[PDB]
Amino acid sequence: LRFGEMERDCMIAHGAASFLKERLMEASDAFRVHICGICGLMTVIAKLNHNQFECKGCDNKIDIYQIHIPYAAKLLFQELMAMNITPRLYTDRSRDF
Amino acid sequence: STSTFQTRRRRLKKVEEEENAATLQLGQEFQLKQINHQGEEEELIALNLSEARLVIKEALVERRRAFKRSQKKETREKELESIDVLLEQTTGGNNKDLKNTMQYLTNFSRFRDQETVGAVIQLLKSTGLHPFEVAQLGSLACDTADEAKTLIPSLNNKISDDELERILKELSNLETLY
Amino acid sequence: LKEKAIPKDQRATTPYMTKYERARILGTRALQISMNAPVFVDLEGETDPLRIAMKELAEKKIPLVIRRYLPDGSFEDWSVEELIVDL
Amino acid sequence: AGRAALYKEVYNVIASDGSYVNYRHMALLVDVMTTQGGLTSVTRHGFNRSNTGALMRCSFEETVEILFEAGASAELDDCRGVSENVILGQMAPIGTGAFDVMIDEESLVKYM
Amino acid sequence: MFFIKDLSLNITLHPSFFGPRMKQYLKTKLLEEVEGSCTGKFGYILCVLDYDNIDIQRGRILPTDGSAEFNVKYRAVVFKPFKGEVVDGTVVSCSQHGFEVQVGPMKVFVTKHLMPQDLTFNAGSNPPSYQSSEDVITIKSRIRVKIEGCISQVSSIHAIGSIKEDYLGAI
Amino acid sequence: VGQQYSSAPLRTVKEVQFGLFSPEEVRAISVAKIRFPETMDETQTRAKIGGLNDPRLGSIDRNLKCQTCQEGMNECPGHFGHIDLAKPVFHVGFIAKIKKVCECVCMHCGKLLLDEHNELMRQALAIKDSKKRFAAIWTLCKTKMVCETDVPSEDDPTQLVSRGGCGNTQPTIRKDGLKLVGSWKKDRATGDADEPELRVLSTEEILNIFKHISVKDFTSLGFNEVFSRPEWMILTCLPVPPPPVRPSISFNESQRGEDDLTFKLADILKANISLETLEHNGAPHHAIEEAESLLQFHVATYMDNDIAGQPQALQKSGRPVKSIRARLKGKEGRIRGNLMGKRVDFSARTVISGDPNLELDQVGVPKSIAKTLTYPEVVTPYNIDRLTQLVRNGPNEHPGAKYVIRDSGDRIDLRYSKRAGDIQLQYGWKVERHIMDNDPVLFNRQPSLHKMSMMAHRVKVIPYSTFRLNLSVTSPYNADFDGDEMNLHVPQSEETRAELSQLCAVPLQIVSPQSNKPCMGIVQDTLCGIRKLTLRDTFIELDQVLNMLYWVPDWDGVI
Amino acid sequence: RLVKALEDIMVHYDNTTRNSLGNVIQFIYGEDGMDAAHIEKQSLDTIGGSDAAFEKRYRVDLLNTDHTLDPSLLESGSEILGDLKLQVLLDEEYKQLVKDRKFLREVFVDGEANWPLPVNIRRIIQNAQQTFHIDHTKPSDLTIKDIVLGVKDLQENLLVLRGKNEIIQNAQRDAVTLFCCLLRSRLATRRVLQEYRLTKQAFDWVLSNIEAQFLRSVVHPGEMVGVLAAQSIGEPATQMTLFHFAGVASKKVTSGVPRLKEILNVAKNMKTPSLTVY
DNA sequence: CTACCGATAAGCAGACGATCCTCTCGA
DNA sequence: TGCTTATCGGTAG
RNA sequence: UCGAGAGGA
């Protein structure tokens, strides 16, 4: 069953942050991907056995982070990557505001 | 994963800074003036073979005091065995690298006793030179002024050839007996 | 920017515990009791972790500290003992 | 003087067909429509083109059009909204997620 | 070569350990992972200093799980080398190509080319040796080596040193 | 997780930085070269060619491969490849931006039309925005289309001082489809008499100007120093998306079944391979442009096929190609159809009926729905024996379990499992158990308009395939039992179980904040009866008065 | 369109109504800072009535024989009579009451009293008489100093916004005004005795129960306010449906959803431009 | 009287339009 | 619901 | 799987 726009907005109005995340992630999409600390892109060649976690065009096996993001979101970043747009995912705060 | 202390900012790719050499060109992590957990701007903490030796023992001796508190509710060859047993009481058999370091530090310690070290550190860390240069002066045994200038190239113009020779003879008199 | 942290002295926030704080405290504490975490209150044959999480609050024996964020970025670390449960 | 008449014209639509709406709800949307300087239009041009991050605005109508402009001007999404964390699949700072919770060691020994 | 570096590690602890005997387990889990391990960024993490007075702050709990992220701040000792650093150690491995030297926890190699010509390897000797005139290098024998090159490799830093220079050689 | 353990640290993305792909970094990023326009079969044999699809990237049919990283279909997101463009090509979305930049910054010299000396330039730069600052630059640089060398006369006594390079006239530029044309004037008693000179402006010309543009000139037009540089607005290298983005699918066995973009990208390769030879061999000048325009068209239709004023482009049989713009476009397309609304697991729906013997907060779940739905319960000393009876009762007897997850990631499907009878059950084991009575679970209805419509209902497993519910709770859902269908979503955590029961509960939402009055009340048979009852004219005898008192659940027993 | 516009809007821990960016929309949600579910339609007795009846029901004149409290209402009826010090506080009491009359008439110009306000004080007095079983024949235990100061201390305990500076303190005073005016209107020194006959035990419980019901009635920081407002305005739009207004002649006037399209679009359209002149 | 500064019109496309759910029929 | 682009006529140089 | 039609509260 679809947990559409209307179905999301009501759970927002209630103030239930975890249930909305739970319905959108664990119970739907949910994907564990590796992102670079420098380029901020999923460019990571992550090997879970030989531990070769190198990023081509960074060479590092140090600044690498795993992330719990939806498959549709990852797909959207990949679709925009193919459209010459860089959605460099940054784990650290650089503006605060 | 760790990789903390001197972090931010990585503004895309970066040309890796520069090479790590004994010409004071040290890593982008090891700076002459760095930060602290407290927040203060502290000077680089570099120790020579005799300095570091007593620093690791101080911690491991205190470690055995604390670990056994919760349980309720000298000489050349004798130093080797005492350290060997101390490493077994505080650290696991997994830490092989620590055993090799302790054996090396005790064998090549220029100043075995803490009493001598105090004055040694008050003699070098006063001249007005880089903290790592000290970590090599107190580590390497040098007889000639030109010997010290070759092994530690960071000097050359930093100190006078005669003034350095004055220091070398003092460390010779400060030297421990094995 | 650096540290920020408004101390446990001089606080602009409300001492009353919001329904949202209560629900997170209860949900997470029940999640922990559900993830075999140790219970501080003297349980009385309670099979449900939520039922336990509720009696942990009645006796205020929860070691959870809430970090209530401000719009400027600053934060006020409020404890469950401090926060008055009226609702 | 405009926000009062804007509320007066909004109230008249609700009052004409029975059911009452609490002053606050109507004073709110009106206050969002004015706190910008003038009259913010509730359309693809009025409110949608705002100071907000690239994701918060691409969620409504102008999709790929906004993403292009986001990458052209190198816009930074501060990831502090509803939509962005919803997309990123992260517990958003809304109600229950609007505060982080830690555990105190001082209190752990205090209760045993 | 030895440095006292200030640094921190992020520890995710399971809720089943949330008791009075937690901070002592935080510290133990810390030196289980950090102490003994080697980084290219910092060097050989030898020993964790001051078991007492360790700041842990407060461990924020994760979204859809009872686990808590603790940022344990600590002070430890590191052994980081440099391409030009002159160090004195003991020869361990020896063959026709050259010899390996043990400087602290790090093994440094010296090639037949990086050592003097007026030496040469002696095969007819057990253990394998390198003679010259009266000075002979064996299974032990303490020497002074200049690090010509530094290699990263896994979680174990290795180096390539030379003894062919003035004021170097044997000791 | 997407299965398996990882060594790297997990962290929440606090900010996302946008920009453009540098054709230089794409070459560094790329794992595959991309040469062959064919996809299936190594050399027209079997297992995808080293050209398009898995030359050193995303896995295909039940094979791990994935450029030595393996992991297979599940756990690999795919790895990007690159393709070098024979001649530069404008990006579809930036057609307007490039046109406006060339109309602002003067060519030949490669510098801005306006300088610091102009009072209006100071007024335009004054606002430290990005788009609004550039908006003022667009209107001013629009006119006075000619570069200058000396201009100050009313800031300096009389004499003018040098500031710019070559003072060349900037031409008027208009969009003639996929390419731009600049009209140079002159004509003052010289060539072309009266009518201006028209020159076609190719990508190679525009790109050279954009490369010559100063770093401070970017900031004036609202561009980045490392994220968005004007040189990257014109593609010289194209990144190719991996198979998880453009799937292979392949029905039956010995078939293709490729995605729309897999065919579209091969068409670009076919449009490129022609130029590759045309530029190398005997160049016929006005025959290369006739093919280059086809490549400019092929690259643009791949990203946007909606698209412009006159071109359309289709993939014969007579039906167009699905572009990237149209793939993630609004309403049921990535953003709205897959990220603001998703079809979710552990849900139910059936025709709704009313009941007076149910509580306001209760919901009448059919026995099959509770049996075909499971909640994860971790093995603690508070359950164990309870779960032990659920495990042995299995997936057939209503109070049972379907899957038993161990300490390590392993599911024990009791419907199949040979050891279904035994099972010792170790501590800290998740048990996918059937939905029991008095369970707080989210009860939905479409359309979900106001805060209500989605309330938490105290589960009651009952027979007959229909969603039963209280009669007084019909007003917050605004529906009637004339065949209305309602959704249900079962929570999967102890956190979300409390976040529902202690926030979304039916009595918590009794008083509507919309009008500061309750949204629920006694209606129909209950409403009609209370009027008949509450009056002086009617009385009740002893025989019926005791049953009346007995019907009250909260009765003292005092007559 | 409405919910996508007011997505980011949420009450903060500093009682303010901001958004994702951090801009201020409302400094105190709904001007009063109350949780919409904790409010009832209550009548104000200060604005309603003639100046002659208002003088009779609220004025306490100890320095008079006919305009004083009869000792059948108060324990200390005779000794309170003709006092100078006690009447000073009852001059302060009535001058604060006459302040509310001129201020409420400045606000509710139409004369409407039945306004949405938190804490059912009308029910708290009803419930007080039941809780203590108070009779009208016997006098109260309290004195004038107990009543007039009891309400004075009560107005201070009502903390909407927590402050320390001149701005938040003046913002706190603005946030209450209308409510503490209703409180002055309902807990007048004479009204307590003449109408309710409340004892010291009853009145003290009433002040404590009023502040408790008022602190419960404050908004919950995290409430999605704008998202909730969008649905609370969006939902009635589906129910309308149905133009003529006469009346009060207004036949060719745009009403409901077609009128709403213009308001939300804006879009300078003519439709119903009919301006009102006085 | 001419050159310039802004005025109003001529010409003129854009992209959005309830939420969910059921089923068949091709090419 | 906007935007875009010529034509116009006017003050002062 | 895509596209078209029919029907529901």
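Residues numbered from 1 in each chain as written, not as in the entry; some residues may be left out. Chains lettered and ligands numbered in written order. Part of a larger assembly, values for the part shown. Heavy atoms only, no water. Residues with missing side-chain atoms left out of burial classes, pairs and counts.

(A) Inspection of the interface of chain G and chain C at higher detail. Contacts between chain G and chain C engage 15 residues on the former and 17 residues on the latter. Three residues, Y13, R162 and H220 of chain G, lead the burial of chain G against chain C; their summed loss comes to 48% of the area buried on that side. Across the salt bridge formed by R216 of chain G and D86 of chain C, the nearest N and O atoms sit 3.0 Å from each other. Along the contact surface separating chain G from chain C lie six residue pairs in polar contact. Residue contributions to the side of chain G that touches chain C peak at three residues, all from helix α10 (residues 200–216) of chain G. The class makeup of the residues in the side of chain G that touches chain C is four nonpolar, five polar and six charged. (Contact = heavy atoms within 4.5 Å. Buried area = accessible area lost by both parts, 1.4 Å probe. Salt bridge = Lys/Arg side-chain N within 4 Å of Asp/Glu carboxyl O. Polar contact = N/O pair within 3.5 Å; in protein donor to acceptor, adjacent residues only side chain to side chain. Helix = DSSP H or I, 4+ residues; strand = E, 2+ residues; numbered from the N terminus. Nonpolar A, V, L, I, M, F, W, Y, C, P; charged D, E, K, R; others polar.)

(B) The protein's contact with RNA strand J, seen in detail. Residue and element names in this part refer to chain F. In the region of RNA strand J, the neighbouring residues are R319, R445, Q446, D482, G483 and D484. One nitrogen or oxygen atom from the side chain of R319 is found 3.1 Å from a sugar or linking oxygen belonging to RNA strand J. The contact in question runs from a sugar or linking oxygen of RNA strand J to an N or O atom on the side chain of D484, over 2.8 Å. Of the residues that constitute the surface near RNA strand J, the class distribution is no nonpolar, two polar and four charged. (Near = heavy atom within 4 Å.)

(C) Molecular detail of the domain arrangement of chain E. Residues and elements named next belong to chain E. Entries for chain E in the domain assignment read domain 1 (1–82) and domain 2 (83–171). Contact residues are listed per partner, giving eleven residues for domain 1 and 13 residues for domain 2. Taken together, the two surfaces of domain 1 and domain 2 that pack against each other cover about 1000 Å², and 71% of this comes from carbon and sulfur. Considering only the surface of domain 1 that becomes buried against domain 2, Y44, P81 and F82 emerge as the three largest contributors, covering 55% of it. Linking domain 1 with domain 2 are zero salt bridges. On inspection of domain 1 and its partner domain 2, the count reaches three residue pairs in polar contact. Among the elements of the structure, β2 (38–39) and β3 (43–49) are those that each provide at least two residues to the side of domain 1 that touches domain 2. (Domains from an automatic or database assignment.)

(D) Looking closely at the interface of chain A and chain F. With 67 residues of chain A in contact, the opposing surface of chain F contributes 91 residues. Each partner contributes to the roughly 7200 Å² buried at the junction of chain A and chain F, and carbon and sulfur atoms together form 57% of this total. Considering only the surface of chain A that becomes buried against chain F, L1, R2 and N84 of chain A emerge as the three largest contributors, covering 12% of it. The tally of links from chain A across to chain F stands at six salt bridges. We note a salt bridge from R2 of chain A to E332 of chain F, for which the minimum N-O separation is 3.9 Å.

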